[PDB]
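Enquirer: Take a look at this one; I'll ask things after.
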Amino acid sequence: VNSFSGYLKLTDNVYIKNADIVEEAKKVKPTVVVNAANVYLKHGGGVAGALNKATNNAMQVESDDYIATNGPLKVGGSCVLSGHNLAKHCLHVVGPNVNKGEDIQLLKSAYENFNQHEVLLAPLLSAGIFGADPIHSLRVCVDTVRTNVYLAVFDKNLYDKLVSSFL
Ligand SMILES: C[C@H](Cc1ccco1)C(=O)N[C@H](CC(=O)O)c1ccc2c(c1)OCO2
């Protein structure tokens with residue numbers, strides 16, 4: 001038993017809700033919140049900008065030190081950093097950004113990072129400003145992630161669509 005509420009169950013291990021991931025995180029304090037990161041950990045907009053703003057820019061400060069020490073992430077890769085006031089940990093995961101021409105097949109590799117964590121609150125990778133089809137992203141999520149994932153979808157309209165078209 002865990003503290004997530006109001007989720008619709010899609011599969012044995014995948015759950016979905018129309019919610020703002022920022023407010024969802026401040027209420028659950030999940031062990032892991034996933035950020036829709038880029039390779040530079042520049043949290044300017046989308047989910048990343050919203051999460052970072054909710055940390056009063058502490059996420060960005062920590063991220064800049066990480067990059068200065070380690071260099072950029074790989075597309076499809078991830079790193080674990082602090083969750084600040086939102087979660088114990090933040091798993092920064094880089095899905096491919098279609099608006100940069102990145103290979104969509106890397107979306108499966110990106111979701112594989114979720115399997116290193118027993119339970120996660122997460123957005124749909126490569127959705128939103130990353131330009132992928134959220135329905136394809138949901139399919140890859142369901143077919144790749146084996147751990148327990150709670151997907152927060154900000155847009156109510158999108159959410160209804162994802163549910164109604166789910167196979
Ligand atoms: C089709 C809709 C358009 C839309 C955007 C906002 C409302 O509708 C869409 O791309 N949605 C994705 C996925 C989602 O809805 O979780 C998304 C991603 C990041 C976000 C985000 C929304 O909003 C805040 O950061």
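By order in the structure tokens, chains are A, B, ...; within a chain, residues start at 1; ligands start at 1, following the order shown.
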Identify, counting only C-alpha atoms and all ligand atoms, the protein, DNA and RNA residues located within 7 Å of ligand 1, and give them as a compact mmCIF listing (two decimals) with N, CA, C and O atoms, in the first residue's frame.

Expert:
# COMPACT_ATOMS: atom_id res chain seq x y z
N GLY A 46 8.47 23.52 -19.63
CA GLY A 46 7.80 22.25 -19.51
C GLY A 46 7.78 21.77 -18.08
O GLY A 46 7.77 22.55 -17.12
N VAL A 47 7.78 20.44 -17.93
CA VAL A 47 7.83 19.82 -16.60
C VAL A 47 9.07 20.29 -15.85
O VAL A 47 9.00 20.59 -14.65
N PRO A 123 6.08 12.02 -15.42
CA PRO A 123 5.33 12.49 -16.57
C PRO A 123 5.56 11.52 -17.73
O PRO A 123 6.45 10.67 -17.68
N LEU A 124 4.83 11.73 -18.80
CA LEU A 124 5.10 10.95 -19.98
C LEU A 124 6.34 11.49 -20.69
O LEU A 124 6.39 12.66 -21.10
N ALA A 127 6.84 13.79 -24.09
CA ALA A 127 5.59 14.48 -24.36
C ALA A 127 5.78 16.00 -24.26
O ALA A 127 6.90 16.50 -24.13
N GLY A 128 4.68 16.73 -24.33
CA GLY A 128 4.74 18.18 -24.15
C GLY A 128 5.72 18.79 -25.13
O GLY A 128 5.73 18.45 -26.32
N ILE A 129 6.56 19.70 -24.62
CA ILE A 129 7.47 20.45 -25.48
C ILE A 129 8.55 19.58 -26.11
O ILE A 129 9.27 20.06 -27.01
N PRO A 134 2.07 11.75 -27.18
CA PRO A 134 1.90 11.17 -25.83
C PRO A 134 1.27 9.79 -25.83
O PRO A 134 1.56 9.00 -24.93
N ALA A 152 1.47 11.35 -14.04
CA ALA A 152 0.73 12.59 -13.88
C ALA A 152 0.66 13.30 -15.23
O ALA A 152 1.70 13.63 -15.82
N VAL A 153 -0.55 13.54 -15.70
CA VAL A 153 -0.80 14.20 -16.98
C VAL A 153 -1.47 15.53 -16.70
O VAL A 153 -2.62 15.56 -16.24
N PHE A 154 -0.78 16.63 -17.01
CA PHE A 154 -1.26 17.96 -16.64
C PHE A 154 -2.55 18.33 -17.37
O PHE A 154 -3.46 18.92 -16.78
N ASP A 155 -2.64 18.02 -18.66
CA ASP A 155 -3.75 18.48 -19.49
C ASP A 155 -4.93 17.52 -19.42
O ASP A 155 -4.82 16.37 -19.86
N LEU A 158 -5.90 15.93 -22.74
CA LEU A 158 -4.97 14.90 -23.19
C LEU A 158 -5.21 13.61 -22.49
O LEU A 158 -5.21 12.52 -23.08
N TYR A 159 -5.39 13.73 -21.22
CA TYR A 159 -5.66 12.62 -20.34
C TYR A 159 -6.85 11.79 -20.83
O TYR A 159 -6.77 10.57 -20.95

Enquirer: Give me the residues near residue A:55 as a list in words, where near means some atom within 10 Å (using only C-alpha atoms) and where sequence neighbours in that chain fewer than 3 positions away do not count.

Expert: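 Residues near the query, excluding close chain neighbours: residues 22, 49, 50, 51, 52, 58, 59, 60, 83, 84, 85 and 86 of chain A.
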
Enquirer: Tell me which protein, DNA and RNA residues are within 10 Å of residue A:39, counting only C-alpha atoms, leaving out same-chain ones fewer than 6 positions away, and put them as a ChimeraX atom specification.

Expert: /A:67,71-78,92-96

Enquirer: If I take atom CA of residue A:65 and atom CA of residue A:41, how far is one from the other in Å, to one decimal?

Expert: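 Atom-to-atom, atom CA of residue A:65 to atom CA of residue A:41, that is 10.2 Å.
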
Enquirer: Which residues in chain A does DSSP call helix (DSSP H, G or I)? List them as a ChimeraX atom specification.

Expert: /A:21-28,46-54,58-70,98-100,106-116,128-130,134-144,156-164

Enquirer: Between atom CA of residue A:117 and atom CA of residue A:16, what distance in Å does the model show, to one decimal?

Expert: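 So the answer is 17.5 Å.
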
Enquirer: Nearest residue to residue A:31 out of A:142, A:149, A:110, A:163, using only C-alpha atoms?

Expert: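 Comparing A:142, A:149, A:110, A:163 against residue A:31, the winner is A:149.
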